[PDB]
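Structure file structure.tsv (TSV, C-alpha atoms) is printed below.
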chain	number	residue	atom	x	y	z
A	1	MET	CA	46.70	-56.22	-62.04
A	2	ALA	CA	45.41	-59.71	-62.92
A	3	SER	CA	48.12	-61.63	-64.79
A	4	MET	CA	47.40	-63.12	-68.22
A	5	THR	CA	47.35	-66.85	-68.98
A	6	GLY	CA	47.52	-69.08	-72.07
A	7	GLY	CA	44.30	-70.05	-73.87
A	8	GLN	CA	45.10	-73.75	-73.40
A	9	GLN	CA	47.49	-76.07	-71.52
A	10	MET	CA	47.76	-75.26	-67.78
A	11	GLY	CA	47.60	-71.64	-66.57
A	12	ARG	CA	44.48	-72.04	-64.43
A	13	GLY	CA	43.07	-68.90	-62.80
A	14	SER	CA	42.48	-68.26	-59.09
A	15	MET	CA	40.14	-66.36	-56.74
A	16	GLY	CA	36.52	-66.53	-57.92
A	17	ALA	CA	34.99	-68.51	-60.80
A	18	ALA	CA	34.53	-71.43	-58.39
A	19	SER	CA	31.82	-71.86	-55.74
A	20	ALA	CA	33.70	-74.86	-54.31
A	21	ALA	CA	36.90	-76.82	-54.97
A	22	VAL	CA	36.72	-80.58	-55.58
A	23	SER	CA	40.41	-81.17	-56.34
A	24	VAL	CA	43.33	-82.28	-54.15
A	25	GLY	CA	46.90	-81.05	-54.62
A	26	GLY	CA	49.78	-79.12	-53.04
A	27	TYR	CA	51.50	-76.22	-54.81
A	28	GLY	CA	49.55	-74.26	-57.42
A	29	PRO	CA	50.86	-73.53	-60.97
A	30	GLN	CA	53.75	-71.12	-61.61
A	31	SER	CA	54.92	-68.79	-64.38
A	32	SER	CA	57.51	-66.32	-63.07
A	33	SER	CA	60.28	-66.90	-60.52
A	34	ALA	CA	58.82	-65.13	-57.48
A	35	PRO	CA	60.40	-66.82	-54.41
A	36	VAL	CA	63.92	-66.06	-55.71
A	37	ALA	CA	63.51	-62.29	-55.23
A	38	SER	CA	61.51	-62.92	-52.05
A	39	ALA	CA	64.41	-64.85	-50.50
A	40	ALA	CA	66.87	-62.14	-51.56
A	41	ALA	CA	64.68	-59.54	-49.84
A	42	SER	CA	64.55	-61.62	-46.64
A	43	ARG	CA	68.34	-61.85	-46.28
A	44	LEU	CA	68.53	-58.23	-47.51
A	45	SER	CA	66.54	-57.41	-44.35
A	46	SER	CA	69.29	-59.11	-42.28
A	47	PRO	CA	71.38	-56.88	-39.92
A	48	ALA	CA	74.45	-57.56	-42.08
A	49	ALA	CA	72.77	-56.09	-45.16
A	50	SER	CA	71.56	-52.95	-43.35
A	51	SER	CA	75.08	-52.20	-42.09
A	52	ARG	CA	76.47	-52.50	-45.62
A	53	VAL	CA	73.76	-50.09	-46.83
A	54	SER	CA	75.02	-47.45	-44.38
A	55	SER	CA	78.60	-47.99	-45.57
A	56	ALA	CA	77.37	-47.56	-49.15
A	57	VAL	CA	75.97	-44.16	-48.11
A	58	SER	CA	79.29	-42.87	-46.76
A	59	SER	CA	81.19	-44.13	-49.82
A	60	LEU	CA	78.92	-42.49	-52.42
A	61	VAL	CA	78.48	-39.30	-50.39
A	62	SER	CA	82.17	-38.65	-49.71
A	63	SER	CA	83.54	-39.66	-53.12
A	64	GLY	CA	80.65	-38.26	-55.16
A	65	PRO	CA	77.01	-39.55	-55.44
A	66	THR	CA	77.30	-39.33	-59.25
A	67	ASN	CA	80.98	-40.20	-59.79
A	68	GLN	CA	82.10	-43.13	-61.97
A	69	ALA	CA	85.06	-43.82	-59.67
A	70	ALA	CA	82.95	-43.62	-56.50
A	71	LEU	CA	80.29	-46.00	-57.84
A	72	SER	CA	82.94	-48.55	-58.89
A	73	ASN	CA	84.38	-48.49	-55.36
A	74	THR	CA	80.99	-49.13	-53.76
A	75	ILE	CA	80.05	-52.08	-56.01
A	76	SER	CA	83.45	-53.79	-55.64
A	77	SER	CA	83.60	-53.52	-51.85
A	78	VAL	CA	79.97	-54.53	-51.26
A	79	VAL	CA	80.09	-57.57	-53.58
A	80	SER	CA	83.24	-58.87	-51.87
A	81	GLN	CA	81.96	-58.62	-48.30
A	82	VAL	CA	78.47	-59.92	-49.18
A	83	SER	CA	80.20	-63.03	-50.55
A	84	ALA	CA	82.17	-63.33	-47.29
A	85	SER	CA	78.95	-63.63	-45.28
A	86	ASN	CA	77.30	-65.88	-47.86
A	87	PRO	CA	79.78	-68.63	-48.93
A	88	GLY	CA	76.97	-71.20	-48.68
A	89	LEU	CA	74.96	-69.36	-51.34
A	90	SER	CA	75.52	-69.88	-55.07
A	91	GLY	CA	77.49	-67.37	-57.16
A	92	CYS	CA	74.24	-65.99	-58.60
A	93	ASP	CA	72.84	-65.40	-55.10
A	94	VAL	CA	75.95	-63.32	-54.34
A	95	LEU	CA	75.34	-61.10	-57.38
A	96	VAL	CA	71.65	-60.66	-56.46
A	97	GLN	CA	72.43	-59.54	-52.91
A	98	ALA	CA	75.07	-57.01	-53.97
A	99	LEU	CA	72.94	-55.47	-56.72
A	100	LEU	CA	69.71	-54.85	-54.81
A	101	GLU	CA	71.68	-53.66	-51.76
A	102	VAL	CA	73.12	-50.96	-54.05
A	103	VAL	CA	69.53	-50.08	-55.00
A	104	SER	CA	68.64	-49.57	-51.32
A	105	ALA	CA	71.68	-47.32	-50.75
A	106	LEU	CA	70.62	-45.13	-53.68
A	107	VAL	CA	67.09	-44.87	-52.24
A	108	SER	CA	68.61	-43.53	-49.00
A	109	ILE	CA	70.45	-40.86	-51.01
A	110	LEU	CA	67.23	-39.83	-52.79
A	111	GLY	CA	65.26	-39.48	-49.54
A	112	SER	CA	67.99	-37.34	-47.97
A	113	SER	CA	68.70	-35.49	-51.22
A	114	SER	CA	66.61	-32.95	-53.14
A	115	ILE	CA	65.13	-33.59	-56.59
A	116	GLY	CA	65.63	-30.94	-59.28
A	117	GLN	CA	65.12	-31.17	-63.05
A	118	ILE	CA	65.34	-34.70	-64.46
A	119	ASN	CA	67.72	-34.90	-67.42
A	120	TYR	CA	65.76	-37.66	-69.14
A	121	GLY	CA	68.05	-38.05	-72.17
A	122	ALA	CA	71.21	-38.73	-70.14
A	123	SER	CA	69.48	-41.55	-68.19
A	124	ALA	CA	71.00	-44.02	-70.67
A	125	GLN	CA	74.47	-42.60	-69.94
A	126	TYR	CA	74.10	-43.26	-66.21
A	127	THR	CA	73.01	-46.80	-67.15
A	128	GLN	CA	76.40	-47.16	-68.85
A	129	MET	CA	78.07	-46.01	-65.61
A	130	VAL	CA	76.55	-48.89	-63.62
A	131	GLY	CA	77.32	-51.48	-66.32
A	132	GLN	CA	80.90	-50.16	-66.36
A	133	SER	CA	81.35	-50.56	-62.59
A	134	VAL	CA	80.27	-54.22	-62.77
A	135	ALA	CA	82.60	-55.12	-65.66
A	136	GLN	CA	85.67	-53.39	-64.22
A	137	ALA	CA	85.06	-54.52	-60.63
A	138	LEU	CA	84.78	-58.24	-61.42
A	139	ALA	CA	87.22	-58.15	-64.37
A	140	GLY	CA	90.18	-57.61	-62.03
B	1	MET	CA	93.37	-73.81	-43.00
B	2	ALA	CA	93.31	-70.37	-41.37
B	3	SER	CA	93.27	-71.80	-37.83
B	4	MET	CA	96.62	-70.14	-37.08
B	5	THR	CA	98.00	-66.68	-37.93
B	6	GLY	CA	94.44	-65.32	-37.86
B	7	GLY	CA	92.11	-64.04	-35.13
B	8	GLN	CA	89.09	-65.35	-37.05
B	9	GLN	CA	88.38	-69.07	-37.43
B	10	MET	CA	85.93	-71.32	-39.29
B	11	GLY	CA	84.22	-74.57	-38.26
B	12	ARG	CA	80.59	-74.40	-39.40
B	13	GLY	CA	80.88	-77.80	-41.09
B	14	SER	CA	79.94	-76.84	-44.65
B	15	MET	CA	82.26	-79.46	-46.20
B	16	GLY	CA	84.93	-76.75	-46.50
B	17	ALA	CA	84.98	-74.17	-49.30
B	18	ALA	CA	86.15	-73.99	-52.92
B	19	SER	CA	89.00	-71.62	-53.77
B	20	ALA	CA	91.50	-71.93	-56.64
B	21	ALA	CA	91.22	-75.52	-57.89
B	22	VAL	CA	91.10	-77.50	-61.14
B	23	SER	CA	88.70	-80.40	-61.69
B	24	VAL	CA	86.54	-81.92	-64.44
B	25	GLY	CA	83.21	-83.68	-63.85
B	26	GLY	CA	82.79	-83.74	-60.06
B	27	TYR	CA	83.06	-80.43	-58.20
B	28	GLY	CA	81.39	-78.40	-60.97
B	29	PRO	CA	84.09	-77.37	-63.51
B	30	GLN	CA	84.44	-73.78	-64.77
B	31	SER	CA	83.62	-71.52	-61.82
B	32	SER	CA	81.64	-68.30	-62.30
B	33	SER	CA	82.11	-65.52	-59.73
B	34	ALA	CA	83.33	-62.56	-61.78
B	35	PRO	CA	81.94	-63.41	-65.26
B	36	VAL	CA	78.38	-63.63	-63.88
B	37	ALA	CA	78.22	-59.89	-63.14
B	38	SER	CA	80.21	-59.18	-66.31
B	39	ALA	CA	77.59	-60.94	-68.45
B	40	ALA	CA	74.78	-59.09	-66.66
B	41	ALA	CA	76.52	-55.79	-67.43
B	42	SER	CA	76.88	-56.72	-71.11
B	43	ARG	CA	73.16	-57.39	-71.61
B	44	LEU	CA	72.46	-54.41	-69.32
B	45	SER	CA	74.23	-52.35	-72.01
B	46	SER	CA	71.72	-53.70	-74.58
B	47	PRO	CA	69.27	-51.17	-76.16
B	48	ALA	CA	66.38	-52.95	-74.40
B	49	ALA	CA	67.90	-52.28	-70.97
B	50	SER	CA	68.59	-48.60	-71.68
B	51	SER	CA	64.97	-48.02	-72.72
B	52	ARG	CA	63.72	-49.62	-69.50
B	53	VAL	CA	66.07	-47.33	-67.53
B	54	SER	CA	64.37	-44.27	-69.06
B	55	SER	CA	60.94	-45.68	-68.18
B	56	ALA	CA	62.18	-46.22	-64.62
B	57	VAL	CA	63.04	-42.50	-64.50
B	58	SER	CA	59.53	-41.36	-65.47
B	59	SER	CA	57.91	-43.78	-63.00
B	60	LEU	CA	59.97	-42.72	-59.96
B	61	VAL	CA	59.89	-39.02	-60.88
B	62	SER	CA	56.12	-38.75	-61.41
B	63	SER	CA	55.01	-40.96	-58.52
B	64	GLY	CA	57.71	-39.87	-56.07
B	65	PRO	CA	61.50	-40.62	-56.12
B	66	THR	CA	61.27	-41.66	-52.45
B	67	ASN	CA	57.78	-43.20	-52.29
B	68	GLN	CA	57.16	-46.79	-51.18
B	69	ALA	CA	54.28	-47.15	-53.65
B	70	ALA	CA	56.26	-45.66	-56.54
B	71	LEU	CA	59.27	-47.92	-55.95
B	72	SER	CA	57.06	-51.03	-55.82
B	73	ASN	CA	55.54	-50.08	-59.18
B	74	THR	CA	58.95	-49.68	-60.83
B	75	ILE	CA	60.36	-53.01	-59.59
B	76	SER	CA	57.25	-55.00	-60.55
B	77	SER	CA	56.97	-53.58	-64.08
B	78	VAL	CA	60.70	-53.81	-64.87
B	79	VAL	CA	61.08	-57.40	-63.62
B	80	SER	CA	58.12	-58.56	-65.73
B	81	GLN	CA	59.27	-57.00	-69.01
B	82	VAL	CA	62.93	-57.99	-68.49
B	83	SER	CA	61.71	-61.59	-68.21
B	84	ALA	CA	59.73	-61.14	-71.44
B	85	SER	CA	62.91	-60.31	-73.37
B	86	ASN	CA	64.94	-62.99	-71.59
B	87	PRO	CA	62.92	-66.27	-71.50
B	88	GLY	CA	66.07	-68.18	-72.47
B	89	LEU	CA	67.85	-67.00	-69.32
B	90	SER	CA	67.46	-68.74	-65.96
B	91	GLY	CA	65.20	-67.33	-63.23
B	92	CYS	CA	68.24	-66.00	-61.35
B	93	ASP	CA	69.45	-64.14	-64.46
B	94	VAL	CA	66.05	-62.42	-64.60
B	95	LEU	CA	66.40	-61.19	-61.01
B	96	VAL	CA	69.96	-59.95	-61.65
B	97	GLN	CA	68.93	-57.91	-64.69
B	98	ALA	CA	65.97	-56.25	-62.96
B	99	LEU	CA	67.92	-55.35	-59.81
B	100	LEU	CA	70.98	-53.69	-61.36
B	101	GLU	CA	68.77	-51.91	-63.92
B	102	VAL	CA	67.00	-50.31	-60.93
B	103	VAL	CA	70.45	-49.26	-59.67
B	104	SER	CA	71.16	-47.49	-62.98
B	105	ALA	CA	67.81	-45.66	-62.89
B	106	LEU	CA	68.60	-44.36	-59.40
B	107	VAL	CA	72.02	-43.14	-60.61
B	108	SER	CA	70.24	-41.10	-63.29
B	109	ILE	CA	68.08	-39.50	-60.59
B	110	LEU	CA	71.15	-38.61	-58.50
B	111	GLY	CA	72.96	-36.96	-61.42
B	112	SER	CA	69.91	-34.87	-62.31
B	113	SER	CA	69.01	-34.26	-58.66
B	114	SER	CA	70.75	-32.17	-56.00
B	115	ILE	CA	72.39	-33.64	-52.89
B	116	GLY	CA	71.57	-32.07	-49.51
B	117	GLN	CA	72.20	-33.39	-46.00
B	118	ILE	CA	72.54	-37.17	-45.77
B	119	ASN	CA	70.29	-38.64	-43.08
B	120	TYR	CA	72.67	-41.48	-42.26
B	121	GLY	CA	70.54	-43.14	-39.56
B	122	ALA	CA	67.47	-43.61	-41.78
B	123	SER	CA	69.55	-45.39	-44.47
B	124	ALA	CA	68.48	-48.70	-42.93
B	125	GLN	CA	64.82	-47.66	-43.26
B	126	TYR	CA	65.19	-47.05	-47.00
B	127	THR	CA	66.81	-50.50	-47.19
B	128	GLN	CA	63.55	-51.88	-45.77
B	129	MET	CA	61.66	-50.03	-48.53
B	130	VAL	CA	63.54	-51.88	-51.28
B	131	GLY	CA	63.23	-55.27	-49.56
B	132	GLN	CA	59.50	-54.57	-49.18
B	133	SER	CA	59.02	-53.84	-52.90
B	134	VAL	CA	60.64	-57.16	-53.85
B	135	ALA	CA	58.53	-59.26	-51.45
B	136	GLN	CA	55.20	-57.64	-52.35
B	137	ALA	CA	55.89	-57.49	-56.09
B	138	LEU	CA	56.74	-61.19	-56.50
B	139	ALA	CA	54.38	-62.39	-53.73
B	140	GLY	CA	51.32	-61.58	-55.84
Just give me the structure as C-alpha coordinates.
Amino acid sequence: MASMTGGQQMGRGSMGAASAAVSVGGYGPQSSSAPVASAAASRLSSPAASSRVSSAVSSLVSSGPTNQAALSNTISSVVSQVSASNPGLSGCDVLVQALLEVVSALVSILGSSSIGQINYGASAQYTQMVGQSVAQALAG
Amino acid sequence: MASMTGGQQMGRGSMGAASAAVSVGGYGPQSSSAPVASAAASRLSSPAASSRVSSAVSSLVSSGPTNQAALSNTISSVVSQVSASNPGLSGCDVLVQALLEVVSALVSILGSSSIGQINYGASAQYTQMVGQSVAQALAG
(Lines of atoms letter the chains of each structure in order from A and count residues from 1; the text may use other names and numbers.)
(Lines give C-alpha, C1' and ligand atoms only; values in the text may rest on other atoms or scores of the structure.)
Protein backbone atom coordinates (compact mmCIF):
# COMPACT_ATOMS: atom_id res chain seq x y z
CA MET A 1 0.00 0.00 0.00
CA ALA A 2 2.76 2.43 1.03
CA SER A 3 1.24 5.34 2.97
CA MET A 4 1.83 8.92 1.82
CA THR A 5 3.77 11.53 3.81
CA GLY A 6 4.15 15.32 3.82
CA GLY A 7 6.81 16.96 1.65
CA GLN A 8 8.36 18.62 4.71
CA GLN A 9 8.22 18.55 8.53
CA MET A 10 8.44 15.01 10.00
CA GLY A 11 6.83 12.06 8.18
CA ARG A 12 10.05 10.10 7.62
CA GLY A 13 9.80 6.90 5.56
CA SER A 14 10.79 3.38 6.60
CA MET A 15 12.15 0.12 5.14
CA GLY A 16 14.83 0.77 2.52
CA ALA A 17 16.47 4.05 1.46
CA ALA A 18 19.05 3.51 4.23
CA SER A 19 22.07 1.19 4.18
CA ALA A 20 22.59 1.79 7.90
CA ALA A 21 21.00 3.77 10.74
CA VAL A 22 23.10 6.24 12.74
CA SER A 23 20.32 7.65 14.95
CA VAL A 24 19.15 6.73 18.46
CA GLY A 25 15.51 6.91 19.59
CA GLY A 26 12.52 4.91 20.84
CA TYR A 27 9.11 5.06 19.15
CA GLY A 28 8.94 5.99 15.46
CA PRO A 29 6.64 8.75 14.06
CA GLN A 30 2.85 8.35 13.93
CA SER A 31 -0.05 9.59 11.79
CA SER A 32 -3.17 7.49 12.40
CA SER A 33 -4.44 5.99 15.66
CA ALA A 34 -3.54 2.32 15.14
CA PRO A 35 -3.12 0.82 18.65
CA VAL A 36 -6.65 1.93 19.64
CA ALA A 37 -8.31 -0.51 17.22
CA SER A 38 -5.61 -3.09 17.98
CA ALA A 39 -6.46 -3.02 21.69
CA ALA A 40 -10.19 -3.28 20.92
CA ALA A 41 -9.49 -6.36 18.79
CA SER A 42 -7.46 -7.96 21.59
CA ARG A 43 -10.25 -7.68 24.17
CA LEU A 44 -12.72 -8.54 21.38
CA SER A 45 -10.85 -11.87 21.21
CA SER A 46 -11.58 -12.39 24.94
CA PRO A 47 -13.92 -15.30 25.91
CA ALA A 48 -16.50 -12.76 27.13
CA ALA A 49 -16.73 -11.14 23.68
CA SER A 50 -17.08 -14.47 21.84
CA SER A 51 -20.00 -15.51 24.07
CA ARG A 52 -21.78 -12.21 23.38
CA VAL A 53 -21.26 -12.80 19.64
CA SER A 54 -23.16 -16.10 19.89
CA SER A 55 -25.98 -14.39 21.80
CA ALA A 56 -26.11 -11.75 19.04
CA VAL A 57 -26.65 -14.58 16.54
CA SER A 58 -29.68 -16.01 18.37
CA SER A 59 -31.21 -12.55 18.81
CA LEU A 60 -30.95 -11.50 15.15
CA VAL A 61 -31.90 -14.94 13.83
CA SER A 62 -35.04 -15.42 15.95
CA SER A 63 -36.37 -11.86 15.75
CA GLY A 64 -35.35 -11.22 12.14
CA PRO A 65 -31.80 -10.74 10.65
CA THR A 66 -33.07 -7.62 8.84
CA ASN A 67 -35.63 -6.26 11.33
CA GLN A 68 -35.39 -2.75 12.81
CA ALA A 69 -36.81 -3.97 16.14
CA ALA A 70 -34.49 -6.99 16.28
CA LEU A 71 -31.37 -4.92 15.57
CA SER A 72 -32.29 -2.38 18.26
CA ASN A 73 -32.63 -5.20 20.81
CA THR A 74 -29.19 -6.61 19.97
CA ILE A 75 -27.34 -3.27 20.19
CA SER A 76 -28.99 -2.27 23.49
CA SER A 77 -28.36 -5.59 25.25
CA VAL A 78 -24.77 -5.98 24.02
CA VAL A 79 -23.72 -2.41 24.90
CA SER A 80 -25.08 -2.79 28.45
CA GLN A 81 -23.35 -6.08 29.26
CA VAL A 82 -20.06 -5.06 27.58
CA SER A 83 -20.03 -2.05 29.93
CA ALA A 84 -20.64 -4.40 32.88
CA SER A 85 -17.44 -6.32 32.13
CA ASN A 86 -15.49 -3.16 31.33
CA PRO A 87 -16.17 -0.52 34.04
CA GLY A 88 -12.44 0.30 34.13
CA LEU A 89 -12.51 1.33 30.46
CA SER A 90 -13.56 4.80 29.31
CA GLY A 91 -17.02 5.47 27.87
CA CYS A 92 -15.56 5.56 24.35
CA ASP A 93 -13.94 2.14 24.83
CA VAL A 94 -17.40 0.78 25.74
CA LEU A 95 -18.88 2.08 22.47
CA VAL A 96 -15.98 0.64 20.44
CA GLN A 97 -16.38 -2.85 21.92
CA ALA A 98 -20.14 -2.99 21.36
CA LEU A 99 -19.97 -1.73 17.77
CA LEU A 100 -17.29 -4.06 16.38
CA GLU A 101 -18.80 -7.01 18.27
CA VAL A 102 -22.00 -6.34 16.30
CA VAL A 103 -19.87 -6.43 13.13
CA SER A 104 -18.57 -9.91 14.06
CA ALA A 105 -22.10 -11.21 14.72
CA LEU A 106 -23.19 -10.03 11.26
CA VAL A 107 -20.19 -11.80 9.70
CA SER A 108 -21.37 -15.05 11.32
CA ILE A 109 -24.80 -14.55 9.74
CA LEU A 110 -23.25 -13.99 6.29
CA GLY A 111 -21.11 -17.14 6.47
CA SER A 112 -24.09 -19.27 7.50
CA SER A 113 -26.48 -17.43 5.16
CA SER A 114 -26.69 -17.40 1.36
CA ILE A 115 -25.99 -14.34 -0.79
CA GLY A 116 -28.51 -13.42 -3.49
CA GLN A 117 -28.88 -10.20 -5.49
CA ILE A 118 -27.42 -7.12 -3.79
CA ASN A 119 -29.90 -4.24 -3.68
CA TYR A 120 -27.22 -1.57 -3.92
CA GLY A 121 -29.54 1.46 -3.78
CA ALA A 122 -31.17 0.49 -0.47
CA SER A 123 -27.75 0.14 1.24
CA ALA A 124 -28.17 3.70 2.52
CA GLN A 125 -31.54 2.76 4.04
CA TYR A 126 -29.99 -0.08 6.06
CA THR A 127 -27.38 2.46 7.21
CA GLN A 128 -30.27 4.48 8.63
CA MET A 129 -31.46 1.35 10.47
CA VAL A 130 -28.17 1.02 12.37
CA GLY A 131 -27.97 4.74 13.18
CA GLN A 132 -31.56 4.51 14.44
CA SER A 133 -30.79 1.61 16.80
CA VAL A 134 -27.93 3.56 18.40
CA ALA A 135 -29.97 6.74 18.96
CA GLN A 136 -33.03 4.99 20.40
CA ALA A 137 -31.05 2.50 22.50
CA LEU A 138 -28.94 5.10 24.32
CA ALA A 139 -31.63 7.81 24.29
CA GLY A 140 -33.72 5.92 26.84
CA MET B 1 -22.64 -1.13 48.35
CA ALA B 2 -24.12 -4.33 46.90
CA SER B 3 -22.44 -6.55 49.51
CA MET B 4 -25.85 -7.66 50.81
CA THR B 5 -29.09 -8.61 49.02
CA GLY B 6 -27.01 -9.82 46.06
CA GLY B 7 -25.22 -13.06 45.18
CA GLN B 8 -22.55 -11.12 43.28
CA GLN B 9 -19.99 -8.92 45.05
CA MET B 10 -17.23 -6.46 44.12
CA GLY B 11 -13.82 -5.81 45.67
CA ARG B 12 -11.30 -5.37 42.84
CA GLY B 13 -10.04 -2.12 44.37
CA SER B 14 -10.68 0.25 41.45
CA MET B 15 -11.42 3.21 43.76
CA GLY B 16 -15.13 2.36 43.48
CA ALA B 17 -17.28 3.35 40.51
CA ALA B 18 -19.17 6.44 39.32
CA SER B 19 -22.97 6.24 39.10
CA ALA B 20 -25.46 9.11 39.39
CA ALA B 21 -23.54 12.02 40.91
CA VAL B 22 -23.11 15.79 40.52
CA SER B 23 -19.71 17.50 40.67
CA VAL B 24 -17.81 20.35 39.01
CA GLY B 25 -14.04 20.39 38.44
CA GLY B 26 -12.77 17.19 40.07
CA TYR B 27 -14.39 13.91 39.02
CA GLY B 28 -14.86 14.96 35.38
CA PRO B 29 -18.19 16.88 35.10
CA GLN B 30 -20.77 16.08 32.41
CA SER B 31 -20.68 12.31 31.91
CA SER B 32 -21.03 10.77 28.44
CA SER B 33 -22.33 7.20 28.20
CA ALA B 34 -25.46 7.50 26.04
CA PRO B 35 -24.71 10.72 24.06
CA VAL B 36 -21.43 9.24 22.74
CA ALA B 37 -23.22 6.62 20.62
CA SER B 38 -25.96 9.16 19.82
CA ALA B 39 -23.41 11.57 18.33
CA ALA B 40 -21.78 8.75 16.35
CA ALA B 41 -25.19 7.86 14.90
CA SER B 42 -25.84 11.48 13.92
CA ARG B 43 -22.64 11.82 11.89
CA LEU B 44 -23.20 8.23 10.68
CA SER B 45 -26.40 9.62 9.11
CA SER B 46 -24.26 12.19 7.23
CA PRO B 47 -24.11 11.90 3.38
CA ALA B 48 -20.41 11.01 3.65
CA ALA B 49 -21.16 7.96 5.80
CA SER B 50 -23.94 6.68 3.51
CA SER B 51 -21.64 6.82 0.47
CA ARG B 52 -18.99 4.81 2.32
CA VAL B 53 -21.66 2.23 3.22
CA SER B 54 -22.39 1.69 -0.49
CA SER B 55 -18.67 1.29 -1.21
CA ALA B 56 -18.50 -1.28 1.60
CA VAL B 57 -21.23 -3.23 -0.20
CA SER B 58 -19.32 -3.44 -3.50
CA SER B 59 -16.09 -4.43 -1.71
CA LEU B 60 -17.59 -7.30 0.32
CA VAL B 61 -19.82 -8.49 -2.54
CA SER B 62 -17.11 -8.64 -5.22
CA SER B 63 -14.29 -10.03 -3.07
CA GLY B 64 -16.46 -12.35 -0.96
CA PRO B 65 -19.06 -11.45 1.76
CA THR B 66 -17.42 -14.02 4.07
CA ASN B 67 -13.75 -13.75 3.04
CA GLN B 68 -10.98 -12.87 5.51
CA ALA B 69 -9.08 -10.94 2.82
CA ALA B 70 -12.18 -9.07 1.65
CA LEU B 71 -13.17 -8.00 5.17
CA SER B 72 -9.64 -6.74 5.90
CA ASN B 73 -9.76 -4.59 2.75
CA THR B 74 -13.09 -3.02 3.73
CA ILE B 75 -12.06 -2.13 7.30
CA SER B 76 -8.70 -0.64 6.25
CA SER B 77 -10.12 1.54 3.46
CA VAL B 78 -13.13 2.77 5.44
CA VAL B 79 -11.13 3.67 8.57
CA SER B 80 -8.64 5.70 6.51
CA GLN B 81 -11.20 7.77 4.61
CA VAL B 82 -13.43 8.29 7.68
CA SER B 83 -10.38 9.81 9.39
CA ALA B 84 -9.84 12.06 6.35
CA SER B 85 -13.29 13.62 6.78
CA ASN B 86 -12.97 13.78 10.57
CA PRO B 87 -9.51 15.19 11.50
CA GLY B 88 -11.17 17.40 14.13
CA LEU B 89 -12.50 14.34 15.97
CA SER B 90 -10.41 12.39 18.48
CA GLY B 91 -8.75 9.08 17.56
CA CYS B 92 -11.45 7.16 19.44
CA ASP B 93 -14.20 8.94 17.46
CA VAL B 94 -12.49 7.74 14.26
CA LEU B 95 -12.60 4.11 15.44
CA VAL B 96 -16.27 4.42 16.45
CA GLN B 97 -17.33 5.77 13.06
CA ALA B 98 -15.50 3.09 11.08
CA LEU B 99 -16.79 0.20 13.20
CA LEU B 100 -20.51 0.99 13.21
CA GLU B 101 -20.37 1.93 9.51
CA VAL B 102 -19.15 -1.63 8.89
CA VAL B 103 -22.18 -2.84 10.89
CA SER B 104 -24.52 -0.91 8.57
CA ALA B 105 -22.87 -2.35 5.45
CA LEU B 106 -23.39 -5.88 6.79
CA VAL B 107 -27.07 -5.10 7.46
CA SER B 108 -27.44 -4.13 3.79
CA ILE B 109 -25.97 -7.51 2.79
CA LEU B 110 -28.41 -9.37 5.07
CA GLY B 111 -31.47 -7.56 3.69
CA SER B 112 -30.44 -8.28 0.09
CA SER B 113 -29.19 -11.78 0.94
CA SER B 114 -31.10 -14.92 1.95
CA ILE B 115 -30.83 -16.56 5.37
CA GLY B 116 -30.25 -20.33 5.52
CA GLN B 117 -29.18 -22.51 8.45
CA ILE B 118 -27.27 -20.66 11.18
CA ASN B 119 -24.02 -22.41 12.08
CA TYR B 120 -24.13 -21.31 15.71
CA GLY B 121 -20.87 -22.96 16.81
CA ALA B 122 -18.70 -21.22 14.20
CA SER B 123 -20.00 -17.76 15.27
CA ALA B 124 -16.92 -17.43 17.49
CA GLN B 125 -14.68 -18.15 14.49
CA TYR B 126 -16.21 -15.28 12.50
CA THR B 127 -15.61 -13.10 15.58
CA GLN B 128 -11.91 -13.96 15.20
CA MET B 129 -12.10 -12.84 11.55
CA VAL B 130 -13.22 -9.33 12.52
CA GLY B 131 -10.66 -9.02 15.33
CA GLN B 132 -8.00 -10.15 12.84
CA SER B 133 -8.92 -7.47 10.28
CA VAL B 134 -8.57 -4.73 12.91
CA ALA B 135 -5.16 -5.89 14.15
CA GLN B 136 -3.63 -6.38 10.70
CA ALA B 137 -5.15 -3.23 9.19
CA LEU B 138 -3.86 -0.84 11.86
CA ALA B 139 -0.66 -2.81 12.56
CA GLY B 140 0.82 -1.82 9.20
Proximity check stretch 35-135 of chain B to stretch 32-40 of chain A, 7 Å, nearest pairs one decimal Å, only C-alpha atoms, as JSON lines:
{"residue": "B:91", "atom": "CA", "partner": "A:33", "partner_atom": "CA", "distance": 5.6}
{"residue": "B:95", "atom": "CA", "partner": "A:37", "partner_atom": "CA", "distance": 6.6}
{"residue": "B:134", "atom": "CA", "partner": "A:37", "partner_atom": "CA", "distance": 6.0}
{"residue": "B:135", "atom": "CA", "partner": "A:38", "partner_atom": "CA", "distance": 4.8}
For residue B:86, the nearest of the candidates B:123, B:46, B:113, B:23, counting all atoms listed in the file: B:46
Check: which chain A residues lie within 7 Å of chain B using all atoms listed in the file, as JSON, numbers by chain: {"A": [33, 34, 37, 38, 41, 44, 45, 50, 53, 54, 65, 66, 91, 92, 95, 96, 99, 100, 102, 103, 104, 105, 106, 107, 108, 109, 110, 111, 112, 113, 114, 115, 116, 117, 118, 119, 120, 123, 124, 126, 127, 128, 130, 131, 134, 135, 138, 139]}
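For the pair chain A and chain B, the all-Cα root-mean-square deviation following least-squares superposition comes to 6.8 Å.
Reported to one decimal place, the separation of atom CA of residue A:5 from atom CA of residue A:29 is 11.0 Å.
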